[PDB]
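Have a look below at one chain only, the form deposited in one PDB entry, in structure tokens format.
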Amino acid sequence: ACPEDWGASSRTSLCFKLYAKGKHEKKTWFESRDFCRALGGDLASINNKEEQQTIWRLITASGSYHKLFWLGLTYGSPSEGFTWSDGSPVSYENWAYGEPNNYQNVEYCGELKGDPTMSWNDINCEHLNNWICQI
């Protein structure tokens, strides 16, 4: 069962929470990771298409679209490439077309574009974004 406001009560329920913030309260990737970890969780990993649908439905209920959210995507070693901060394997992927492109060699964190495509992009880790936690 999920904590109240994070999802449903069944044993198979997965728990996510959107953090949409104004520009003075958006966070870098590391700040967002630390925020979710302080609650006992982490930035959201999206391990399969079922979790993608869960998050998309939360976005539809939010009223807003087109917002950029940090996910738990962070580059590891050159041989690893992208990893999830929660340690789970990056098996499922939904990178946007041409991504990750490491544009200008300075993009080591991953963001979700909260549109129907639900696509991922690598971007500068020091950008201030909204974020999604999991527990």
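For the two forms, the rigid core is made up of the largest set of C-alpha atoms that agree within 1.5 Å on superposition. Counting begins at 1, following the sequence as shown. Shifts are known only where both forms have a C-alpha.
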| item | value |
| --- | --- |
| Residue gap status of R11, at least a third of other entries | yes |
| Higher-scoring stretch by recorded Cα B factor average, 35-43 or 57-65 | 57-65 |
| Mean Cα B-factor comparison, 74-82 or 24-32, giving the higher one as deposited | 74-82 |
| Record-listed C-alpha B factor of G98: chain third | middle |
| Third of chain Cα B-factors occupied by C109 | lowest |
| Chain-wide C-alpha B factor ranking for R11, given as lowest, middle or highest third | highest |
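Below, we refer to the form deposited in another entry, which is not included among the displayed structures.
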query	finding
Mobile residue between this form and the one not shown, C-alpha criterion 2 Å or more, rigid core, from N94, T60, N48, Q53	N94
Core fit, then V106 C-alpha moves 2 Å or more between this form and the one not shown	yes
Cα-Cα trend for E93 and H127, given that in that other deposited form the distance shifts by 3 Å or more	farther
Sense of CA distance change between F30 and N105 in that other deposited form, threshold 3 Å	closer
Shared-residue segments moving between this form and the one not shown, Cα shift 2 Å or more over 3+ consecutive positions, core-fitted	7-10, 81-107
